[PDB]
Amino acid sequence: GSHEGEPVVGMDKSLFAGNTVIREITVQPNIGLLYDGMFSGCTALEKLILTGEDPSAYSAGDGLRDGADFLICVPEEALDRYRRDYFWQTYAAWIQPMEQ
């Protein structure tokens, strides 16, 4: 099943749908395709943060949040960019700006 405790994005993408209790997921640009089934059964996942400034530096196919439901924080200087994008428009119902 699992033998693990670190649902984290480091040179793989499978290790998230297991820790039921990760309310926040920071992610970086260009670090794998956010395929289907990443997040299945996240009984407490309610945030995502993107440490990149452009939408093409992320890829998510169609499957991005299968088995989940959360908002997508991006930096303000990327907000308009993501809203003009030829994918991430379809997630503009969940994108929002960051804060401190």
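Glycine also receives a Cβ, built like all others from the backbone with ideal geometry; neighbour counts cover every protein chain displayed. Readers should treat all values here as calculations from the given coordinates under stated rules, not as data from a laboratory.
In the range 21-33, the residues that are under 17 Å from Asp69 (Cβ atoms) reach residues that are assigned to a loop (DSSP other than H, G, I, E, B) and hydroxyl-bearing (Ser, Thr, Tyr) with C-beta atoms within less than 8 angstrom, at least six apart or across chains, in these pairs: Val21/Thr43; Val27/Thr51; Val27/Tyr58. Selection of first residues in the range 74-100 that are free of Cβ contacts under 8 Å to residues at least 40 places away in the same chain and of second residues that are assigned to a helix (DSSP H, G or I) and among the hydrophobic types (A, V, I, L, M, F, W, C), restricted to Cβ pairs under 6 Å at least 6 apart or on distinct chains, gives the following pairs, ordered by first then second residue: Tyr82/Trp88; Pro97/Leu79.
The rows are residues; the columns are (1) surrounded by 13 or more Cβ atoms within 10 Å (Cβ to Cβ); (2) among the hydrophobic types (A, V, I, L, M, F, W, C).
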{"residue": "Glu6", "(1), (2)": "no, no"}
{"residue": "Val21", "(1), (2)": "no, yes"}
{"residue": "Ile25", "(1), (2)": "yes, yes"}
{"residue": "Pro29", "(1), (2)": "yes, no"}
{"residue": "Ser56", "(1), (2)": "yes, no"}
{"residue": "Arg65", "(1), (2)": "yes, no"}
{"residue": "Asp69", "(1), (2)": "no, no"}
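Residues that are in contact with a helix residue (DSSP H, G or I) (Cβ under 6 Å, 6 or more places away or on another chain) and not in a loop (DSSP other than H, G, I, E, B) were ranked within the range 90-100; the one that is nearest to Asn19 (Cα to Cα) is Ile95.
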